[PDB]
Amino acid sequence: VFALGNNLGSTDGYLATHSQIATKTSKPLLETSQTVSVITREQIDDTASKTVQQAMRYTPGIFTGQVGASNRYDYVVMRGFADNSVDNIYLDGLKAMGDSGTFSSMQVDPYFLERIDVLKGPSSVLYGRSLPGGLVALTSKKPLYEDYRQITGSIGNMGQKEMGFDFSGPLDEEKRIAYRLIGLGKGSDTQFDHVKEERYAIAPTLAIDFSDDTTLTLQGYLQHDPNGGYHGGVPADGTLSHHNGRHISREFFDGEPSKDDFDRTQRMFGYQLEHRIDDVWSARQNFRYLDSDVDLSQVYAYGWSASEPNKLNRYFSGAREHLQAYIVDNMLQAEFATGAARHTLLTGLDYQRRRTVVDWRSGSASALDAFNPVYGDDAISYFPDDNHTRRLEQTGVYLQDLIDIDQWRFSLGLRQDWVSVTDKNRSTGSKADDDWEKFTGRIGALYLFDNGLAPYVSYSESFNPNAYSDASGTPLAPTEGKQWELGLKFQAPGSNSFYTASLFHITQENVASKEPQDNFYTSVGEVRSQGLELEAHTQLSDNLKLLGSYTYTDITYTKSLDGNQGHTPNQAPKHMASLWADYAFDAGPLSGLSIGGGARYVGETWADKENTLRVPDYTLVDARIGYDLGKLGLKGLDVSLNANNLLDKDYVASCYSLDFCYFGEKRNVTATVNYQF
């Protein structure tokens, strides 16, 4: 059993029935007064999904183009909140613990994942520090109690190759002890000249039942990315328009092949202890330690040379980083009745402690011709080194009551947080030391009709430490999100279909803002995001699987000192939609064959905060072919072929500014072989 900290749903095709993302305790999606999406293991594979970021490319309210084709980090823009989008990821109930103010942001390979859960809007009441768009919860693969052995191989264009294996099963005659061990190797060239991606990772897991009342799960995850692909951008001039009559290629490398390194070693171990006391009382401890090394050498373009017609000015960034982080979550849940009301009452205490030691170097590099470049002129003019030790501590105390009474489903949550953040400029010897406490709350109400219709309303709050500091060097007040949400959910009790609509209004406060004149920030900015999401998961037969989505997002700087009080953030499409279908032939000559694909639409986005032109809209097509050769008498063998961006469209996915625009991925074609023993 054991609802606390577990999804416990069911899954069929692309549709999950339950999640714990919104509650830290298993709850049907239909009875949860929040917007929750679930991306199934099957959805990841069918779409040939290569990262967490890309796996959401079919999910409403999520923009997946912040840095275009780059795969170095998972940038998850939620409900138009692009800033700190790298810090939205949770793994097995615990904040991932990257430091978004450094290069040490972690990435979880999808091959280790069983599910991806997406919670929209402010959600600090259960998690502490987080962004106003929502958050993403990855659920790792766990030991199975029956033997499972899979081997997979993939090959593609762009020099892609990959190997994985996934073995699981019980170790004891009684099936109280089970393991899973997963490993993988991969490599890629990318559309971009002279770039490599490469990764090696292994994940051991051990599960032990001390009895029916107690389970301990032991986890390891060790990952080495000796190369980091491409993580650059080029000027809008001449990507979005011609530059002296020519266009920059989508394969252009703005760096120096002799000085382009990204080495990230991420080492994690942890455990989850599950103890049932009573049919009433349950307790859980989730724990994870992280230790990572990141090494970076990057020459990048930054604007056009003022003197040399078709050359870009270039600069150099260098970094060596060591990140350490501890996270524990202590949960105690009471399940009990009080007359007609059934209560699910949760109390928790969590603790985050992080230290990041960063030695940064920078300088000026030679200009580079943006059309027919000559590489090799790699001398750097160094700027002053900039060395820091960064520390963060977060202690949270939270309370939640899920109250079900007749057809009502209510949610009440409160959390008090103590945050301490410090930054020792180790070059200068100075230290910024700041302590804060924040109170956050959430209240939800949903009415469940007996046909599977569920209207609901939600109010929810969030906070995040401010990345900026004021006229005295003291960091500003944490930013704050507040959200009103209205929704409607529908599942016909027969069907394997599910439909939702969500209407949202998010206000974000204490955003840093200053007049262009000034060098100092004040916490007087405000941002508002409002809109509508529609999501459809259908099975119209036991062969035909559907997904669809529509997103309308109106985000605006409602208060700014910098001239921008009235503008729309860049990297924030007003309109998005997507649709994916998969058809499996199940009897007859074609049996064992599967066919699939889909299309996703992103509306225009602004290239800059100043709003001076648009990044055009784009429509991409995906397609798939699978064949289970077991149907030809070799059981456990299946093969598939995938193509994303099937029409090979050449587009800018987005721009962070007028200097930095990113290309979308060209067609990515994959062939996969899966064999179970």
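So that there is no doubt, residue numbering starts at 1 and follows the sequence shown.
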Checklist entry - For the C-alpha atoms alone, is the average B factor greater in 604-612 or in 57-65, going by the entry? => result 604-612
Item to check | Residue stretch of maximal mean CA temperature factor, 31-39 vs 626-634 | outcome: 626-634
Next on the checklist: Checking the record values for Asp470, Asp291, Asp295, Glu533, which has the greatest CA B factor?
Outcome noted: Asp470
Checklist entry - Hey, out of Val77, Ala207, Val195, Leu135, whose CA B-factor is highest in the deposited coordinates? => result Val195
Checklist entry - Ranked by Cα temperature factor within the chain, is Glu485 in the lowest third, the middle third or the highest third? => result lowest
Checklist entry - By its CA B factor, does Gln324 count among the lowest, middle or highest third of the modelled residues in the chain? => result lowest
Item to check | Ranked against its chain, the third holding the CA B-factor of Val108 | outcome: lowest
Checklist entry - According to the PDB entry, is the CA B factor of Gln517 in the bottom, middle or top third of its chain, that is, lowest, middle or highest? => result highest
Next on the checklist: For the chain shown, is the CA B-factor of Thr25 in the lowest, middle or highest third of its modelled residues?
Outcome noted: lowest
